[PDB]
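To keep things clear, I will list the structure first and then write my remarks on it.
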There are 6 protein chains.
Amino acid sequence: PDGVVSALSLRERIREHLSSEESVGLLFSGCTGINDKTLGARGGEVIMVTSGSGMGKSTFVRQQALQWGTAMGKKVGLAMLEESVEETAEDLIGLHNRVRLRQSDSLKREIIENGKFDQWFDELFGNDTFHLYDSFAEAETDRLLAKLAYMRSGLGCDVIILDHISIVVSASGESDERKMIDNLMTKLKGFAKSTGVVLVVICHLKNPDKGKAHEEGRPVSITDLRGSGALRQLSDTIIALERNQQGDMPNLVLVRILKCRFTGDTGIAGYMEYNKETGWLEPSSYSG
Amino acid sequence: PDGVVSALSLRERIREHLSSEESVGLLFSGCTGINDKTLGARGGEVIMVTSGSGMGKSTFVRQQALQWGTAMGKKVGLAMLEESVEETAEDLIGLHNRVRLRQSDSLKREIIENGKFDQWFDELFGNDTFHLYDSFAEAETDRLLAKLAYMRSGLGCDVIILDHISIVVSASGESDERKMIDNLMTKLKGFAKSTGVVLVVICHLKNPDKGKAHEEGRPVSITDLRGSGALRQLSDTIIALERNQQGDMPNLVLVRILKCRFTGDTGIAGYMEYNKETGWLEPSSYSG
Amino acid sequence: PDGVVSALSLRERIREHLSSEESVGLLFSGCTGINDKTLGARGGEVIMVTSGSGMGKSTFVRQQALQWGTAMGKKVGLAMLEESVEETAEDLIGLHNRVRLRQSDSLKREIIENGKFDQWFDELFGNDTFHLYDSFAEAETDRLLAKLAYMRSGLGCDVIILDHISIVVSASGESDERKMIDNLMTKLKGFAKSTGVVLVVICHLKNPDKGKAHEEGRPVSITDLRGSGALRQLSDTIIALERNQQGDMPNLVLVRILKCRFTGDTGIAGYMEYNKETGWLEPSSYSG
Amino acid sequence: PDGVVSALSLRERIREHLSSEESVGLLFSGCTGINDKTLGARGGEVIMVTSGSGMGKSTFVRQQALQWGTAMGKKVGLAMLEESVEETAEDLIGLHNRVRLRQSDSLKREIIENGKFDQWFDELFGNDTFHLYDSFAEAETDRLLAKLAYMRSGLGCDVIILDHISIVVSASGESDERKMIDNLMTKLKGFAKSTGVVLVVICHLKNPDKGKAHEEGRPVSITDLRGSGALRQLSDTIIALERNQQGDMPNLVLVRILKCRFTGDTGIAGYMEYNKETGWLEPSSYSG
Amino acid sequence: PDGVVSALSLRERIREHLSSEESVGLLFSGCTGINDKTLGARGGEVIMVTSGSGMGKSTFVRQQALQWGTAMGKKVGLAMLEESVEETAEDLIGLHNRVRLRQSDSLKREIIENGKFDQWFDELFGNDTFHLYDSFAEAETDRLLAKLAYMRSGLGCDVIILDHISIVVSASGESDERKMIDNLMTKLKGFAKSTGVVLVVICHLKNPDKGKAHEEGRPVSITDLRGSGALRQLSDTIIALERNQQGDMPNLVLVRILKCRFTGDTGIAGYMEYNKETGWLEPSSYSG
Amino acid sequence: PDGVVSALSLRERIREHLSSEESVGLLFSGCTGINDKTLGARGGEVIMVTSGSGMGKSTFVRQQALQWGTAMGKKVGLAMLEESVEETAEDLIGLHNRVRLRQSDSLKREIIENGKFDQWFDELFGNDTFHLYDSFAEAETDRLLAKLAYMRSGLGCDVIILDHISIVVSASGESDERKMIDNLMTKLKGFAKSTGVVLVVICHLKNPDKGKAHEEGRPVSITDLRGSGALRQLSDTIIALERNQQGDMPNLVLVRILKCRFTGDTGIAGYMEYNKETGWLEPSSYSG
């Protein structure tokens, strides 16, 4: 069984690798420190965001989409296989206007009658920056990658967002979807690198059930990452959010970097606080 | 291959969304706050009510049925797998009339001979809203789902109450029922999401026997949930009731949103008090 | 598949229901309050009576049988596994005559010679209200359920007393008898509910060995129960006795209703005192 | 399956039982309280002594042999299947003369040369009171019972001692020796009752391995008794010794009565202290 | 059927006993007290030496071999299953000459060229007392016992040291080696008791991983013994060594007699200190 | 069955033994003291290097390889599973040239253009002392052992570095990978001992979540080790690094020898400091 290369014959591969192996562009918002320990995200790179169920993997990664295609005018590609394009649209809108438009059947009625809908809608999607995959009808790997690709080549996006990488739906009949996740992650790291598009992906965590878990504290280690850690490899960076919803500061969320190929600088990035009012992830002043 | 819609083309689809789109719905009775945190029970959502043995599950749940099928007139399907329809209806009658009919032989005799029974009966069951699965003789999964599907689709029920999801009774010959519970959920959640009905399901908790427990106070945690954390994912809201029956305030019960997908707002909703006289779980005013 | 009845069509079923649908039946003797938090012993239920070793379990249950079988004329079946029929009968006689018949040779000599025995015998067992299970030799589960089953349906006993539910003796070759204590329960509960007889079962306690315990006071909690809490669920009313034989009032025994399905009314029911003369547990007035 | 006797037809059996169902004779030494909670041991009765491995089941029961055949001049029958008649003889001798003749190769040499051996030997076994079974070559049940019987009928002993009731050695080929112990215990309770000989037996405890065990504290409950508790029935009394050899008072031993058919009075008898000097079990002044 | 001997007829057999009957024998080196509590190692007795990983077992044991085979001239059989005979003999040489030969490349070279090696060698191995099983290539139970039996019976060894009883290597195809360990003991203990040889066996401890552990201080308990408590019964003496390698006094080691059949005297024997220079475990003077 | 050699007949075997029987080999670089408590890395041994995530494990092991492979001219095999060959090679180069080659685009651009890369490359890998395992794609146990096996016997490496022993990827269908981490070890240990190569394996830590931990200081104990302590036994020297990146001296890392078969010398070996410029772990002087 040979695949044991010697370090001298690695010469031409180290040269290739050494030329354009990513400097600074696109820096996450909501908390500096993520930036201090990563320096934003690179094209060709694969950002991995994870956390317990219902903790803000979705809220954080959507904020970046927002900021990115607003303040720093970038073409964000959205692919939320678990929600209607109108729903994700909704979050972006309420989010943009610092409000929780879903949690308010009065505010929804409000803006539609009083006309602020058309107002907000244009002011936001006005620059034709945001674009989205559309379905809820189980998407296949190649199928998906194609459209994800169309968002990068056809529409010309800088950043693509794939929410939840477990929803596989491909060539069924081959045991333990532990490889699907693996295979998919490679195609994703492939396409990402060869097009140079910033690719942000969200994956979930296995359920420990061997101690007190995630929704109650417990940091997440590289191991706890769902999917036979093929993604802990192909992904260049890994953001993790932890918060004890049953505690005193359920809105207090710690950001932890589990990997940053680029700066190799890991650990705790800092803290954030959910604003039940704006729905935003504001930077906090904490330390335990 | 095209199906990648653009922000703008969505403006009208998103408008048609933001109205006649109900985010609130069927508010829980017993404590404002279960509402302030969860915005009521959405249709197509799975409500998970849990607690220690004999602590309130059954009663809290039953009270919700009584209000929804009365004051807010909705068809309520009841599948109380551990008691006869006459018993559950007995409680329902007692409950509606703010009296504990079961616990009183005198009151029973009474209302029977003074003709009042028939009154309370019409006055409640009159608008044909209450419907119940009947047997006690162990029900199977597809068998029950079949009947439940009937209520939802056949009778047009809006809410289906299924008390006790540990009573399985299905294809025996496959180790640990841990897979039965999980596959059941996946079917209920599925049933729920596709019919758009409101599904309130009760579950019990694994015996911690590693410290002081549930009927003695002691917060329930998402790990405490009997059934290998499948439901901890498939259900949308987890309502847990905690109380220390062996104390000064046995009837004081704490409400904890163990999870609420739709809002993400978890934590201590509030408190309620058991009224040994009416049998209702009235909202309280307390702080520990 | 219609077996889903609507409330209305149950009118008649519910009338025939509340009338002659006893919810107060067989009150306990020697301590009102047990009767207050439980409204007695309903047929079809499972009454659990536990305590530290040699602290009330036995006597209290033996007294209830004695009262129920006389003054109240019910038929009582005794399943005393750790003793012979003449052993338990000996106790009964003496117990009825407020005399420690066993701990005294002088008296056994007398009554037998002076003829008072035949008197006492006829006076206690005269009304054929007492029947027992006879053997002492390790009884198997199905082997048992069947005899108790006989007592009920064959002999017509309204009450059955199973002393010690740790003496399992069934299908050997299946790890941890923890399973045995659970399966047996499930068979008894079914037995009781279906047959409608009153089942008063005795079980012991887990030796905590983590604090000062049982023999020295210490309240018994539901967790403390032997056999992984299957019974904690299958039984409908758990009565627990506590006392400190190594304290000041070694005769003052506390009576705790650890659980009572029917009423939900839990907590300390009251107190009782041991009278070394009569061998009884006399009614007491106290508050610590 | 019938063996369900009625309490009226039990008349002639209760009469038999009531005549000579044992007052006071032979009271254990080393600690009063055992006596206060049992009143010595009766002829026909079966004393059961148990404790962890190496705690004094053997030292206690040998002290009684001593006292009994010395101060109260009774014919003690000894059957120590795990030690040479000369070894058990040794303990009795050193014991009698308040010394640990085994633990002293100097004291052994001493008395043999200086002539105190013949002295002690006569002064003790002088009254031809002690008698012993002889072998180490595995003894069968009937085989054993016969000799044990010969000690009661042939030699005319008041008290018989059978050390360690696990060493069965009988009709091999019948699964789980759980019955051997059971069967044997019956023959033993039989012969004991029908001859009227005091029978003291020593049995060991199962190994809990579910918490901190025996040699480190932990009282022994009736359950922990090795052998499918057939012996917790046939034996009339059950003495148990507990001591934490890894503690501060490894010589401090608590006596606990797990049963006393006669006085039914159980619990903690009191305490004792090993005298590393005399090897005796002296009464102590303690309370925890 | 007669075999019931009488006290008196025994006088001569008992005399012949009390002399040329050795109760002391082969005292442990390293701390008087292992002796004061156990009176040395009797022949036909099973010595159990245990401790945390790399804490001293091997060394304590090895030192016993060196003294017994030297100063008290006895034939010592060594079966060190985890090291070559040259290694064990290397230590033995180093040890005898109060130097750590292994840990010194200079000293090794030395004694080799200055001819001293040959001296130390004769001076030690000379009286042909040291014998060792040889291989490293996994030994089977009857295979090893066979060889061990050889040393005892063939070579006439008095003491057999068998290091590490977890290295089984026998009839594989029967779940959990827990039965291998137990059946091995039963064979060694048997081998021991019948040949009258002294058997010192080493075992390791189950990983507690439930608190602070063994190499950090933390008393070993009879439950901590790896191998389902078979050895906790079959061996006659259990010598355990405890030390906290991560402290101020890493080399201070505590001696605990976990059990000593022959005497019953258990507890803390004493302390010893590891001398990084001589490599010996010298007796200390300490008190915590 | 003779395979029992006598000490004497081993004279010659023991001479050829102590001579050219290295006990000091391959000392560690950058912190004398590791070398003091371990006398380096003997061939055939298994060196365990662990720590909190991102706290020294990687760098320290990467530095040892770098030194061993140059200044000392040994052959080193790298089995870095979480990185590509050009990735780890990139690190090495930069590491050798005390420059953060990865975290800096400007420099990769330079050296490649200014030709300094070819220089650096030849200077580091010139002597063909470096070889790697190539894949990234989940390697199976037997699949691996074989390649490492190749490096040793085929390529002649004196040292092999296996980064991350949690990336098992072997025979799936056997509960708890706890078994996997143990079996793999056993195969590596065997591999090492038999082949004679130096095996330096990296493994991570159990997240205590019971106190303040790893990322914040806290000493690592042996128990803290991932994979139920099979390694804690199979490995011959465990090196643990501790540090507080959320404290005062985030660069001061402590080096603890958790275990060292060979010498037994355990405890804190010393300290080191992280230099953000060089990316190295410089030798340090300290005492807290």
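Residue numbers start at 1 in each chain; chains themselves are named A, B, ... in the order of the structure tokens; ligands are numbered from 1 in the order shown.
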
Considering only C-alpha atoms, return as a JSON list (two decimals) with N, CA and C atoms, in the first residue's frame whatever protein or nucleic-acid residues lie within 6 Å of region 157-171 of chain A, sequence-local ones (same chain, fewer than 4 positions apart) excluded.
```json
[["chain", "number", "residue", "atom", "x", "y", "z"],
["A", 74, "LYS", "N", -20.66, 43.35, -1.85],
["A", 74, "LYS", "CA", -20.23, 42.13, -2.50],
["A", 74, "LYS", "C", -21.45, 41.31, -2.92],
["A", 75, "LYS", "N", -21.30, 40.52, -3.98],
["A", 75, "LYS", "CA", -22.41, 39.69, -4.43],
["A", 75, "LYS", "C", -22.50, 38.40, -3.63],
["A", 76, "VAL", "N", -23.45, 38.35, -2.70],
["A", 76, "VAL", "CA", -23.65, 37.18, -1.86],
["A", 76, "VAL", "C", -24.61, 36.17, -2.47],
["A", 77, "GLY", "N", -24.18, 34.92, -2.45],
["A", 77, "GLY", "CA", -24.99, 33.83, -2.97],
["A", 77, "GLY", "C", -25.59, 33.12, -1.77],
["A", 78, "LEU", "N", -26.91, 32.96, -1.75],
["A", 78, "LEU", "CA", -27.58, 32.31, -0.64],
["A", 78, "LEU", "C", -28.22, 31.00, -1.03],
["A", 79, "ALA", "N", -27.97, 29.97, -0.23],
["A", 79, "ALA", "CA", -28.53, 28.65, -0.48],
["A", 79, "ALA", "C", -28.99, 28.03, 0.84],
["A", 80, "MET", "N", -30.20, 28.40, 1.26],
["A", 80, "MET", "CA", -30.78, 27.93, 2.51],
["A", 80, "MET", "C", -31.80, 26.83, 2.24],
["A", 139, "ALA", "N", -32.24, 18.86, -2.71],
["A", 139, "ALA", "CA", -31.25, 19.12, -3.75],
["A", 139, "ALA", "C", -30.08, 18.14, -3.71],
["A", 140, "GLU", "N", -29.70, 17.63, -4.88],
["A", 140, "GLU", "CA", -28.60, 16.68, -5.00],
["A", 140, "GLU", "C", -27.26, 17.42, -4.93],
["A", 141, "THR", "N", -26.17, 16.67, -4.75],
["A", 141, "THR", "CA", -24.85, 17.27, -4.65],
["A", 141, "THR", "C", -24.43, 18.00, -5.93],
["A", 151, "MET", "N", -24.04, 30.73, -9.50],
["A", 151, "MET", "CA", -24.08, 31.95, -8.69],
["A", 151, "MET", "C", -22.71, 32.64, -8.72],
["A", 152, "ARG", "N", -21.66, 31.84, -8.94],
["A", 152, "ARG", "CA", -20.29, 32.33, -8.98],
["A", 152, "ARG", "C", -19.83, 32.73, -10.38],
["A", 197, "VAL", "N", -14.04, 31.78, -5.05],
["A", 197, "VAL", "CA", -15.19, 32.33, -4.36],
["A", 197, "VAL", "C", -15.16, 32.03, -2.87],
["A", 198, "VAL", "N", -15.47, 33.03, -2.05],
["A", 198, "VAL", "CA", -15.52, 32.83, -0.59],
["A", 198, "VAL", "C", -16.68, 31.86, -0.36],
["A", 199, "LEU", "N", -16.42, 30.75, 0.33],
["A", 199, "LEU", "CA", -17.50, 29.81, 0.58],
["A", 199, "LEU", "C", -17.73, 29.59, 2.06],
["A", 200, "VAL", "N", -18.88, 30.01, 2.55],
["A", 200, "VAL", "CA", -19.20, 29.82, 3.96],
["A", 200, "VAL", "C", -20.18, 28.66, 4.10],
["A", 201, "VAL", "N", -19.84, 27.71, 4.96],
["A", 201, "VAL", "CA", -20.71, 26.56, 5.18],
["A", 201, "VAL", "C", -21.04, 26.34, 6.65],
["A", 202, "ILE", "N", -22.26, 25.88, 6.88],
["A", 202, "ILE", "CA", -22.77, 25.62, 8.22],
["A", 202, "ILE", "C", -23.01, 24.12, 8.38],
["A", 203, "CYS", "N", -22.43, 23.51, 9.41],
["A", 203, "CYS", "CA", -22.67, 22.09, 9.65],
["A", 203, "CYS", "C", -23.01, 21.97, 11.13]]
```

Chain F residues near chain E (10 Å cut-off, only C-alpha atoms) as an MDAnalysis selection string: chainID F and resid 1:24 38:39 221:225 228:230 232:233 236 256:268

For the selection just defined, write its residues with N, CA and C atoms to a file, as a compact mmCIF listing (two decimals), in the first residue's frame.
```
# COMPACT_ATOMS: atom_id res chain seq x y z
N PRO F 1 8.98 -29.55 28.89
CA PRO F 1 8.77 -28.16 28.40
C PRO F 1 9.81 -27.22 29.02
N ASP F 2 11.05 -27.26 28.52
CA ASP F 2 12.08 -26.40 29.09
C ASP F 2 12.36 -25.17 28.23
N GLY F 3 12.14 -24.00 28.83
CA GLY F 3 12.37 -22.72 28.16
C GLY F 3 12.67 -21.79 29.32
N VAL F 4 12.96 -22.42 30.45
CA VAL F 4 13.27 -21.76 31.68
C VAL F 4 14.78 -21.75 31.80
N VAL F 5 15.38 -20.61 31.47
CA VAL F 5 16.83 -20.49 31.53
C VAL F 5 17.23 -20.03 32.93
N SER F 6 18.42 -20.43 33.36
CA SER F 6 18.95 -20.05 34.66
C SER F 6 19.87 -18.83 34.44
N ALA F 7 19.84 -17.89 35.38
CA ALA F 7 20.64 -16.67 35.29
C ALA F 7 22.03 -16.91 34.72
N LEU F 8 22.79 -17.82 35.34
CA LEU F 8 24.15 -18.12 34.90
C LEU F 8 24.38 -18.33 33.42
N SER F 9 23.49 -19.08 32.80
CA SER F 9 23.63 -19.35 31.38
C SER F 9 23.33 -18.13 30.51
N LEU F 10 23.13 -16.99 31.15
CA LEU F 10 22.82 -15.76 30.42
C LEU F 10 23.98 -14.75 30.44
N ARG F 11 25.07 -15.13 31.11
CA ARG F 11 26.27 -14.30 31.22
C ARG F 11 26.51 -13.59 29.89
N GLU F 12 26.91 -14.41 28.93
CA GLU F 12 27.21 -13.94 27.60
C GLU F 12 26.08 -13.15 26.96
N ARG F 13 24.84 -13.59 27.15
CA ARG F 13 23.72 -12.84 26.58
C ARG F 13 23.65 -11.42 27.17
N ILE F 14 24.02 -11.30 28.45
CA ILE F 14 23.96 -10.03 29.16
C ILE F 14 25.12 -9.08 28.85
N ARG F 15 26.25 -9.63 28.40
CA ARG F 15 27.41 -8.81 28.04
C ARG F 15 27.11 -8.15 26.72
N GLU F 16 26.77 -8.99 25.74
CA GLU F 16 26.44 -8.49 24.41
C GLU F 16 25.28 -7.52 24.57
N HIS F 17 24.63 -7.60 25.72
CA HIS F 17 23.47 -6.76 26.01
C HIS F 17 23.83 -5.34 26.43
N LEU F 18 24.48 -5.18 27.57
CA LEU F 18 24.85 -3.85 28.06
C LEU F 18 25.72 -3.05 27.10
N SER F 19 26.47 -3.74 26.25
CA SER F 19 27.30 -3.03 25.30
C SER F 19 26.43 -2.86 24.06
N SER F 20 26.36 -1.62 23.57
CA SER F 20 25.52 -1.27 22.42
C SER F 20 24.09 -1.71 22.73
N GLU F 21 23.58 -1.07 23.77
CA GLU F 21 22.25 -1.26 24.30
C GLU F 21 21.88 0.14 24.79
N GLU F 22 21.74 1.04 23.82
CA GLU F 22 21.45 2.44 24.09
C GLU F 22 20.27 2.71 25.02
N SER F 23 20.52 3.57 26.00
CA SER F 23 19.51 3.95 26.96
C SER F 23 19.39 5.48 26.97
N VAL F 24 20.14 6.12 26.08
CA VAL F 24 20.11 7.57 25.91
C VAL F 24 20.10 7.65 24.40
N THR F 38 13.75 11.92 31.35
CA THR F 38 13.53 10.83 30.39
C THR F 38 14.77 10.29 29.70
N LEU F 39 15.88 11.01 29.77
CA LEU F 39 17.08 10.55 29.11
C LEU F 39 16.81 10.34 27.62
N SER F 221 -3.73 15.93 33.70
CA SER F 221 -3.40 14.73 34.48
C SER F 221 -3.46 13.57 33.53
N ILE F 222 -3.02 12.39 33.97
CA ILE F 222 -3.06 11.23 33.10
C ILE F 222 -4.48 10.82 32.74
N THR F 223 -5.39 10.92 33.70
CA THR F 223 -6.78 10.57 33.45
C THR F 223 -7.38 11.38 32.30
N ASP F 224 -7.09 12.68 32.26
CA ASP F 224 -7.60 13.59 31.23
C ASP F 224 -7.40 13.09 29.82
N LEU F 225 -6.60 12.05 29.66
CA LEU F 225 -6.32 11.54 28.33
C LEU F 225 -7.46 10.96 27.53
N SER F 228 -10.07 5.91 26.34
CA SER F 228 -9.92 5.24 27.62
C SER F 228 -8.50 4.70 27.76
N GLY F 229 -7.79 5.26 28.73
CA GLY F 229 -6.41 4.89 29.03
C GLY F 229 -5.82 3.55 28.63
N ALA F 230 -5.74 3.27 27.33
CA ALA F 230 -5.11 2.04 26.87
C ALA F 230 -3.72 2.57 26.57
N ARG F 232 -2.52 5.24 27.94
CA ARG F 232 -1.90 5.57 29.21
C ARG F 232 -1.01 4.42 29.65
N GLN F 233 -1.22 3.25 29.07
CA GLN F 233 -0.44 2.07 29.43
C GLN F 233 0.54 1.63 28.35
N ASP F 236 5.22 4.62 26.32
CA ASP F 236 6.32 4.56 27.30
C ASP F 236 6.73 5.90 27.92
N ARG F 256 5.18 19.03 31.10
CA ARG F 256 5.05 17.98 32.09
C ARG F 256 5.26 16.56 31.59
N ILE F 257 6.17 15.83 32.22
CA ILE F 257 6.40 14.44 31.85
C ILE F 257 5.37 13.68 32.67
N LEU F 258 4.24 13.36 32.06
CA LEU F 258 3.18 12.64 32.77
C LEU F 258 3.55 11.20 33.08
N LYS F 259 4.52 10.65 32.36
CA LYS F 259 4.94 9.27 32.55
C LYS F 259 6.19 8.95 31.76
N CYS F 260 7.05 8.12 32.33
CA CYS F 260 8.26 7.71 31.65
C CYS F 260 8.76 6.37 32.13
N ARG F 261 8.20 5.29 31.58
CA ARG F 261 8.59 3.94 31.94
C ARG F 261 10.03 3.86 32.39
N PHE F 262 10.91 3.86 31.40
CA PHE F 262 12.36 3.78 31.57
C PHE F 262 12.98 4.32 32.85
N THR F 263 12.72 5.58 33.18
CA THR F 263 13.33 6.16 34.36
C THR F 263 12.42 6.28 35.58
N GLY F 264 11.12 6.35 35.33
CA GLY F 264 10.14 6.50 36.41
C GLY F 264 10.12 7.94 36.86
N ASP F 265 11.12 8.69 36.40
CA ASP F 265 11.23 10.09 36.75
C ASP F 265 10.09 10.87 36.10
N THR F 266 9.15 11.34 36.92
CA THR F 266 8.00 12.08 36.44
C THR F 266 7.97 13.50 37.02
N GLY F 267 6.90 14.23 36.74
CA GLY F 267 6.81 15.59 37.24
C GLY F 267 7.14 16.63 36.18
N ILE F 268 6.97 17.90 36.55
CA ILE F 268 7.23 19.01 35.66
C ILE F 268 8.67 19.06 35.18
```

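Listed by chain and then by rising number, the residues of region 155-194 of chain F that DSSP assigns to alpha helix (DSSP H) from the backbone are residues 178, 179, 180, 181, 182, 183, 184, 185, 186, 187, 188, 189, 190, 191, 192, 193 and 194 of chain F.
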
Selection export as a compact mmCIF listing (two decimals), in the first residue's frame, atoms kept: C-alpha atoms:
```txt
# COMPACT_ATOMS: atom_id res chain seq x y z
CA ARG F 178 -13.00 3.79 22.73
CA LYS F 179 -12.17 0.29 21.55
CA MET F 180 -10.56 1.67 18.37
CA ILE F 181 -8.15 4.00 20.21
CA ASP F 182 -7.09 1.02 22.33
CA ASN F 183 -6.64 -1.54 19.58
CA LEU F 184 -4.75 0.90 17.37
CA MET F 185 -2.37 1.68 20.23
CA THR F 186 -1.74 -2.02 20.82
CA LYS F 187 -0.86 -2.36 17.13
CA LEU F 188 1.48 0.65 17.17
CA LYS F 189 3.23 -0.37 20.38
CA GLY F 190 3.77 -3.80 18.94
CA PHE F 191 4.90 -2.13 15.74
CA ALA F 192 7.38 0.06 17.55
CA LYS F 193 8.82 -2.47 19.99
CA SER F 194 9.31 -5.09 17.33
```

Those of region 49-200 of chain F in DSSP strand (DSSP E), formatted as an MDAnalysis selection string: chainID F and resid 49:51 76:80 130:132 159:163 198:200

Could you save the residues just selected, with N, CA, C and O atoms, as a tab-separated table (two decimals), in the first residue's frame?
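Output below, filename selection_9.tsv:
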```tsv
chain	number	residue	atom	x	y	z
F	49	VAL	N	2.58	12.77	23.14
F	49	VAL	CA	2.65	14.22	23.33
F	49	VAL	C	1.24	14.77	23.26
F	49	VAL	O	0.60	14.69	22.22
F	50	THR	N	0.76	15.34	24.36
F	50	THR	CA	-0.61	15.87	24.44
F	50	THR	C	-0.73	17.27	25.03
F	50	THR	O	0.24	17.80	25.57
F	51	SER	N	-1.91	17.88	24.91
F	51	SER	CA	-2.18	19.22	25.43
F	51	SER	C	-3.57	19.74	25.06
F	51	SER	O	-4.34	19.09	24.34
F	76	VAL	N	13.46	10.91	9.55
F	76	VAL	CA	12.18	11.13	10.18
F	76	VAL	C	11.00	10.96	9.24
F	76	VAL	O	10.99	11.50	8.15
F	77	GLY	N	10.00	10.21	9.67
F	77	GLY	CA	8.83	10.00	8.85
F	77	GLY	C	7.67	10.77	9.43
F	77	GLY	O	7.40	10.67	10.62
F	78	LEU	N	6.97	11.53	8.60
F	78	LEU	CA	5.86	12.32	9.10
F	78	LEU	C	4.49	11.78	8.67
F	78	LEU	O	4.24	11.54	7.50
F	79	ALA	N	3.61	11.57	9.63
F	79	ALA	CA	2.29	11.08	9.35
F	79	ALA	C	1.32	12.13	9.88
F	79	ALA	O	0.68	11.95	10.92
F	80	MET	N	1.24	13.23	9.15
F	80	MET	CA	0.36	14.33	9.52
F	80	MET	C	-0.95	14.09	8.81
F	80	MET	O	-1.07	14.33	7.62
F	130	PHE	N	13.82	13.46	5.34
F	130	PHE	CA	12.40	13.65	5.51
F	130	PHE	C	11.54	12.96	4.48
F	130	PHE	O	11.78	13.09	3.30
F	131	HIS	N	10.56	12.19	4.97
F	131	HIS	CA	9.60	11.44	4.14
F	131	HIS	C	8.26	11.57	4.81
F	131	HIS	O	8.19	11.69	6.03
F	132	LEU	N	7.19	11.53	4.03
F	132	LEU	CA	5.86	11.69	4.62
F	132	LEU	C	4.83	10.65	4.15
F	132	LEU	O	5.08	9.86	3.25
F	159	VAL	N	12.76	7.85	13.26
F	159	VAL	CA	11.65	8.46	13.96
F	159	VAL	C	10.41	8.56	13.08
F	159	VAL	O	10.53	8.78	11.88
F	160	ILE	N	9.24	8.37	13.66
F	160	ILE	CA	8.00	8.47	12.90
F	160	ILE	C	7.11	9.31	13.76
F	160	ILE	O	7.04	9.07	14.96
F	161	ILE	N	6.42	10.28	13.17
F	161	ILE	CA	5.54	11.17	13.91
F	161	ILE	C	4.11	10.98	13.44
F	161	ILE	O	3.80	11.28	12.29
F	162	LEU	N	3.23	10.50	14.30
F	162	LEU	CA	1.83	10.32	13.91
F	162	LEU	C	1.04	11.44	14.53
F	162	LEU	O	0.82	11.45	15.74
F	163	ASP	N	0.62	12.39	13.72
F	163	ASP	CA	-0.15	13.51	14.24
F	163	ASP	C	-1.61	13.16	14.26
F	163	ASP	O	-2.19	12.80	13.23
F	198	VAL	N	11.47	4.81	16.56
F	198	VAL	CA	10.97	5.72	17.57
F	198	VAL	C	9.59	6.19	17.13
F	198	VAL	O	9.41	6.70	16.03
F	199	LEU	N	8.60	6.00	18.00
F	199	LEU	CA	7.25	6.41	17.65
F	199	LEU	C	6.78	7.56	18.53
F	199	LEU	O	6.58	7.40	19.73
F	200	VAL	N	6.61	8.73	17.93
F	200	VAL	CA	6.12	9.92	18.63
F	200	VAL	C	4.69	10.17	18.14
F	200	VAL	O	4.47	10.65	17.02
```
